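Asks: The following block contains the structure, expressed as C-alpha cells.
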Amino acid sequence: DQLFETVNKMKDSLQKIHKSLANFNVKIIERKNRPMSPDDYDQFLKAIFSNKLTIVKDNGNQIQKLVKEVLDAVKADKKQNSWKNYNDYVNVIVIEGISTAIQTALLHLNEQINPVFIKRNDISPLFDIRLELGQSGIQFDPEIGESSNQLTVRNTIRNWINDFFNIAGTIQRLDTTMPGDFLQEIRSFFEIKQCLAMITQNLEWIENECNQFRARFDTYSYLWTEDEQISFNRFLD
C-alpha cells in the first residue's frame with residue numbers, strides 16, 4: 001500500500017501535468033470573421049492574450065503545487081541526489097510541453113499568414129493597411145517594413161510572437177532559483193526556430209509582391225508630387 005500509494009501519487013502528478021500542459025495551449029490567436037485593422041487586432045487580441053496568459057499561470061500554479069505533493073508522497077529529502085534528478089526531469093516535461101504549446105499557436109499563425117494556404121481556401125484578408133499620399137514617399141500606417149518606430153504589421157506580429165515567449169515567465173521555474181525564466185531554453189529548441197523562421201520567410205514574400213503591387217501606381221503618379229509648379233512652368237515655356 002504505502003509504496004503503491006507513493007508510486008501512484010507521483011504518477012498522478014505527471015499525468016495531471018501533461019493534461020494541464022495540453023489544456024493551456026488551446027489556440028494562441030483567434031480571427032473574427034471579417035477584417036478590422038492593425039491596432040484594432042492589437043486591441044481585440046490584448047483581451048484574449050490577458051485571459052490566455054492567466055489560464056497558463058493558473059495551470060502553472062497547479063503543476064507547481066502537484067510537485068510538492070510528490071515530496072509529501074515519497075517522503076525523500078530535497079538535498080538527496082535522487083529527488084534533484086527527478087526535480088530536473090519534471091521541469092524538462094514542462095519545457096518540452098511549453099515548446100509544443102508555443103509551436104502549436106506559431107503553426108496556427110503560419111496557416112493564416114502563409115500565402116499558399118489562404119489562396120487555396122476562400123479565407124479573407126486579416127490586417128488592414130491605410131495608404132496616405134506623401135510628397136517625399138508613399139506613406140502607410142504599417143509603412144510595409146520592419147521600421148522599429150511607430151506601429152507596423154511586422155512590429156505588431158513581433159509583439160504577437162513575443163506574447164508566446166512571455167508564457168515562459170508565468171511558470172517561474174520548477175528548481176534552483178525562484179526568479180529564473182525558461183525563455184532561454186525555449187529559444188534553443190530547434191523545432192521552434194524552424195516555425196519562427198517559416199513565419200519570417202512568409203512575411204518577406206508578401207512585402208516583395210506588395211512592393212511590385214504598389215510600384216504599378218508609383219510609376220507615373222510619387223514623381224508628380226515631387227515636381228513643383230515653377231518646374232512645371234519651366235517645362236511648358
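Ordering of the C-alpha cells sets the chain letters (A, B, ...), residue numbers begin anew at 1 in every chain, and ligands are numbered from 1 in the order given.
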Tell me, which residues of stretch 44-155 of chain A carry DSSP alpha helix (DSSP H), written as a PyMOL selection string?

Replies: chain A and resi 44-74+81-113+115-120+153-155

Asks: Taking only residues of stretch 34-149 of chain A that have an atom at most 8 Å from an atom of stretch 155-175 of chain A, what is each one's shortest atom pair and its distance in Å to one decimal, using only C-alpha atoms, in chain and number order, as a Markdown table?

Replies:
```
| residue | atom | partner | partner_atom | distance |
| --- | --- | --- | --- | --- |
| A:38 | CA | A:156 | CA | 7.4 |
| A:42 | CA | A:156 | CA | 7.3 |
| A:49 | CA | A:163 | CA | 7.4 |
| A:53 | CA | A:167 | CA | 6.6 |
| A:56 | CA | A:170 | CA | 7.0 |
| A:57 | CA | A:170 | CA | 5.0 |
| A:60 | CA | A:171 | CA | 5.3 |
| A:61 | CA | A:171 | CA | 7.4 |
| A:64 | CA | A:174 | CA | 6.9 |
| A:87 | CA | A:175 | CA | 6.6 |
| A:88 | CA | A:175 | CA | 7.0 |
| A:90 | CA | A:174 | CA | 8.0 |
| A:91 | CA | A:174 | CA | 5.8 |
| A:98 | CA | A:168 | CA | 7.6 |
| A:102 | CA | A:164 | CA | 5.9 |
| A:106 | CA | A:161 | CA | 7.6 |
| A:146 | CA | A:155 | CA | 6.4 |
| A:147 | CA | A:155 | CA | 7.6 |
| A:148 | CA | A:155 | CA | 6.7 |
```

Asks: Go ahead and dump the residues you just picked, N, CA, C and O atoms, as an mmCIF file, in the first residue's frame.

Replies:
```
data_model
loop_
_atom_site.group_PDB
_atom_site.id
_atom_site.type_symbol
_atom_site.label_atom_id
_atom_site.label_comp_id
_atom_site.auth_asym_id
_atom_site.auth_seq_id
_atom_site.Cartn_x
_atom_site.Cartn_y
_atom_site.Cartn_z
ATOM 1 N N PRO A 38 -4.841 46.948 -37.969
ATOM 2 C CA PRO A 38 -3.659 46.539 -37.206
ATOM 3 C C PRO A 38 -3.777 46.799 -35.698
ATOM 4 O O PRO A 38 -3.526 45.896 -34.924
ATOM 5 N N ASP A 42 -4.722 44.414 -32.413
ATOM 6 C CA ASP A 42 -3.909 44.598 -31.179
ATOM 7 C C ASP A 42 -4.844 44.815 -29.982
ATOM 8 O O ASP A 42 -4.620 44.161 -28.949
ATOM 9 N N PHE A 49 -5.255 37.601 -25.034
ATOM 10 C CA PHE A 49 -3.872 37.320 -24.552
ATOM 11 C C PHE A 49 -3.847 37.337 -23.021
ATOM 12 O O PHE A 49 -3.314 36.381 -22.431
ATOM 13 N N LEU A 53 -2.951 34.039 -21.065
ATOM 14 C CA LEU A 53 -1.722 34.119 -20.220
ATOM 15 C C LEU A 53 -2.025 33.703 -18.772
ATOM 16 O O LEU A 53 -1.185 32.993 -18.179
ATOM 17 N N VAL A 56 -2.640 29.974 -18.262
ATOM 18 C CA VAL A 56 -1.323 29.263 -18.260
ATOM 19 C C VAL A 56 -0.739 29.304 -16.848
ATOM 20 O O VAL A 56 -0.225 28.262 -16.406
ATOM 21 N N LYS A 57 -0.763 30.485 -16.219
ATOM 22 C CA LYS A 57 -0.240 30.737 -14.848
ATOM 23 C C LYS A 57 -1.016 29.875 -13.847
ATOM 24 O O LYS A 57 -0.359 29.169 -13.059
ATOM 25 N N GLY A 60 -0.030 26.544 -14.361
ATOM 26 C CA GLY A 60 1.351 26.526 -13.840
ATOM 27 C C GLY A 60 1.393 26.467 -12.323
ATOM 28 O O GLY A 60 2.288 25.783 -11.791
ATOM 29 N N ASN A 61 0.464 27.161 -11.657
ATOM 30 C CA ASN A 61 0.328 27.200 -10.175
ATOM 31 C C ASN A 61 -0.075 25.811 -9.662
ATOM 32 O O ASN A 61 0.499 25.380 -8.637
ATOM 33 N N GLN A 64 2.947 23.329 -10.122
ATOM 34 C CA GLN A 64 3.940 23.668 -9.071
ATOM 35 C C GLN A 64 3.490 23.070 -7.731
ATOM 36 O O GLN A 64 4.355 22.518 -7.023
ATOM 37 N N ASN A 87 13.479 16.167 -10.021
ATOM 38 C CA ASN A 87 13.050 17.596 -9.991
ATOM 39 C C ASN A 87 13.420 18.269 -11.320
ATOM 40 O O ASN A 87 12.659 19.153 -11.766
ATOM 41 N N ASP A 88 14.537 17.853 -11.929
ATOM 42 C CA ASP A 88 15.001 18.317 -13.264
ATOM 43 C C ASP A 88 14.174 17.633 -14.357
ATOM 44 O O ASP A 88 13.794 18.315 -15.325
ATOM 45 N N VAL A 90 11.091 16.550 -14.292
ATOM 46 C CA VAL A 90 9.715 17.143 -14.311
ATOM 47 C C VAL A 90 9.746 18.457 -15.102
ATOM 48 O O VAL A 90 8.854 18.642 -15.954
ATOM 49 N N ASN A 91 10.720 19.334 -14.827
ATOM 50 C CA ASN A 91 10.822 20.679 -15.460
ATOM 51 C C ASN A 91 10.966 20.505 -16.979
ATOM 52 O O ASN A 91 10.368 21.308 -17.724
ATOM 53 N N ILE A 98 5.800 23.161 -23.000
ATOM 54 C CA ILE A 98 5.812 24.615 -23.336
ATOM 55 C C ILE A 98 6.285 24.765 -24.784
ATOM 56 O O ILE A 98 5.677 25.578 -25.510
ATOM 57 N N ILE A 102 3.813 26.374 -27.436
ATOM 58 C CA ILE A 102 4.276 27.600 -28.149
ATOM 59 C C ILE A 102 4.269 27.332 -29.659
ATOM 60 O O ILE A 102 3.818 28.224 -30.411
ATOM 61 N N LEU A 106 2.119 29.074 -33.031
ATOM 62 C CA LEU A 106 3.016 29.637 -34.080
ATOM 63 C C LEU A 106 2.699 28.998 -35.439
ATOM 64 O O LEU A 106 2.773 29.714 -36.458
ATOM 65 N N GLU A 146 9.873 46.717 -41.432
ATOM 66 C CA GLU A 146 10.247 46.418 -40.021
ATOM 67 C C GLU A 146 10.115 47.693 -39.185
ATOM 68 O O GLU A 146 9.539 47.612 -38.082
ATOM 69 N N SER A 147 10.638 48.812 -39.698
ATOM 70 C CA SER A 147 10.563 50.174 -39.102
ATOM 71 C C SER A 147 11.356 50.222 -37.789
ATOM 72 O O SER A 147 12.431 50.853 -37.782
ATOM 73 N N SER A 148 10.830 49.583 -36.734
ATOM 74 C CA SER A 148 11.268 49.667 -35.313
ATOM 75 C C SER A 148 10.731 50.953 -34.661
ATOM 76 O O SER A 148 11.041 51.177 -33.472
#
```

Asks: Would you work out the distance separating atom CA of residue A:115 from atom CA of residue A:203, expressed in Å to one decimal?

Replies: 9.4 Å

Asks: Of the candidates A:67, A:22, A:151, A:199, which one gets nearest to residue A:110 if we count only C-alpha atoms?

Replies: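 With only C-alpha atoms as the atom set, the closest residue is A:199.
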
Asks: Leaving out residue A:52 and any residue of its chain fewer than 5 positions from it, which residues lie within 12 Å of it when counting only C-alpha atoms, given as a list in words?

Replies: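 Surrounding residues, per the criterion: residues 23, 24, 25, 26, 27, 28, 29, 30, 45, 46, 47, 57, 58, 59, 101, 105, 163, 164, 166, 167 and 170 of chain A.
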
Asks: Could you state the separation of atom CA of residue A:218 and atom CA of residue A:145 in Å, given to one decimal place?

Replies: 17.2 Å

Asks: Any idea what the distance is between atom CA of residue A:112 and atom CA of residue A:196?

Replies: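 Interatomic distance, atom CA of residue A:112 to atom CA of residue A:196: 14.1 Å.
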
Asks: So that I can check the surroundings of residue A:13, please list as a ChimeraX atom specification every protein, DNA and RNA residue that reaches within 7 Å of it, counting only C-alpha atoms and ignoring chain neighbours fewer than 4 positions away.

Replies: /A:9,17,66-67

Asks: Could you pull the residues within 9 Å of residue A:140, counting only C-alpha atoms, minus those fewer than 2 positions along the same chain, as a PyMOL selection string?

Replies: chain A and resi 129-133+138+142-144+152

Asks: For the residues selected in the previous step, produce a file with N, CA, C and O atoms as a short mmCIF file (atom, residue, chain, number, x, y, z; two decimals), in the first residue's frame.

Replies:
```cif
data_model
loop_
_atom_site.label_atom_id
_atom_site.label_comp_id
_atom_site.auth_asym_id
_atom_site.auth_seq_id
_atom_site.Cartn_x
_atom_site.Cartn_y
_atom_site.Cartn_z
N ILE A 129 -4.50 47.91 -44.14
CA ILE A 129 -3.47 48.94 -44.45
C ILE A 129 -4.19 50.21 -44.90
O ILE A 129 -4.95 50.14 -45.88
N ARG A 130 -3.92 51.32 -44.22
CA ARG A 130 -4.27 52.69 -44.68
C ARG A 130 -3.11 53.20 -45.54
O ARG A 130 -1.95 52.93 -45.18
N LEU A 131 -3.42 53.87 -46.65
CA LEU A 131 -2.44 54.50 -47.58
C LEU A 131 -2.77 55.99 -47.69
O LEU A 131 -3.87 56.32 -48.16
N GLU A 132 -1.84 56.85 -47.22
CA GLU A 132 -1.86 58.33 -47.37
C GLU A 132 -0.81 58.73 -48.41
O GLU A 132 0.27 58.12 -48.42
N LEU A 133 -1.12 59.73 -49.25
CA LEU A 133 -0.18 60.27 -50.27
C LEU A 133 0.83 61.19 -49.57
O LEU A 133 0.39 62.12 -48.87
N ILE A 138 5.73 57.26 -50.42
CA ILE A 138 4.38 56.67 -50.20
C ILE A 138 4.28 56.29 -48.72
O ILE A 138 5.16 55.54 -48.25
N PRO A 142 1.14 50.93 -41.51
CA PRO A 142 2.15 49.89 -41.30
C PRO A 142 3.51 50.12 -41.99
O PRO A 142 4.41 49.34 -41.75
N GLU A 143 3.60 51.12 -42.88
CA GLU A 143 4.83 51.50 -43.64
C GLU A 143 5.27 50.38 -44.60
O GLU A 143 6.06 50.68 -45.51
N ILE A 144 4.75 49.15 -44.43
CA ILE A 144 5.16 47.91 -45.17
C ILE A 144 6.67 47.73 -44.97
O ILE A 144 7.42 47.75 -45.96
N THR A 152 3.71 49.01 -37.07
CA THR A 152 3.86 48.30 -38.38
C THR A 152 3.45 46.83 -38.25
O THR A 152 3.66 46.26 -37.16
#
```

Asks: Would you return as a PyMOL selection string the members of stretch 53-156 of chain A that DSSP assigns to strand (DSSP E or B) on this structure's backbone?

Replies: chain A and resi 131-132+139-140

Asks: Could the residues in this selection be written to a file with N, CA and C atoms, as an mmCIF file, in the first residue's frame?

Replies:
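Here's the written file again.cif:
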```cif
data_model
loop_
_atom_site.group_PDB
_atom_site.id
_atom_site.type_symbol
_atom_site.label_atom_id
_atom_site.label_comp_id
_atom_site.auth_asym_id
_atom_site.auth_seq_id
_atom_site.Cartn_x
_atom_site.Cartn_y
_atom_site.Cartn_z
ATOM 1 N N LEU A 131 -3.423 53.875 -46.652
ATOM 2 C CA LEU A 131 -2.439 54.496 -47.577
ATOM 3 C C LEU A 131 -2.765 55.993 -47.693
ATOM 4 N N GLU A 132 -1.843 56.846 -47.225
ATOM 5 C CA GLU A 132 -1.859 58.329 -47.367
ATOM 6 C C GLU A 132 -0.813 58.734 -48.414
ATOM 7 N N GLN A 139 3.257 56.793 -48.019
ATOM 8 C CA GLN A 139 3.076 56.642 -46.550
ATOM 9 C C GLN A 139 1.959 55.631 -46.273
ATOM 10 N N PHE A 140 2.265 54.586 -45.500
ATOM 11 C CA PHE A 140 1.294 53.604 -44.950
ATOM 12 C C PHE A 140 1.402 53.619 -43.421
#
```

Asks: Which residues, written as a PyMOL selection string, have at least one atom at most 12 Å from residue A:111, with only C-alpha atoms counted and residues fewer than 6 positions away on the same chain left out?

Replies: chain A and resi 29+104-105+117-121+123+195+198-199+202

Asks: With C-alpha atoms retained, could you export that selection as a PDB file, in the first residue's frame?

Replies:
```
ATOM      1  CA  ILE A  29      -4.810  33.754 -31.651  1.00  0.00           C
ATOM      2  CA  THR A 104       1.068  24.785 -31.987  1.00  0.00           C
ATOM      3  CA  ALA A 105      -0.017  28.509 -31.944  1.00  0.00           C
ATOM      4  CA  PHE A 117      -2.852  28.153 -47.785  1.00  0.00           C
ATOM      5  CA  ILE A 118      -5.036  31.376 -47.688  1.00  0.00           C
ATOM      6  CA  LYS A 119      -5.129  31.323 -51.575  1.00  0.00           C
ATOM      7  CA  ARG A 120      -6.275  27.631 -51.844  1.00  0.00           C
ATOM      8  CA  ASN A 121      -9.075  28.300 -49.238  1.00  0.00           C
ATOM      9  CA  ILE A 123     -10.167  32.759 -46.363  1.00  0.00           C
ATOM     10  CA  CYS A 195       8.489  27.519 -37.006  1.00  0.00           C
ATOM     11  CA  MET A 198       8.987  29.920 -41.529  1.00  0.00           C
ATOM     12  CA  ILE A 199       6.776  32.885 -40.297  1.00  0.00           C
ATOM     13  CA  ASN A 202       6.199  34.282 -45.421  1.00  0.00           C
TER      14      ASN A 202
END
```

Asks: From the options A:211, A:124, A:135, A:194, which residue's atoms come nearest to residue A:34, counting only C-alpha atoms?

Replies: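 Smallest separation from residue A:34 among the options: A:124.
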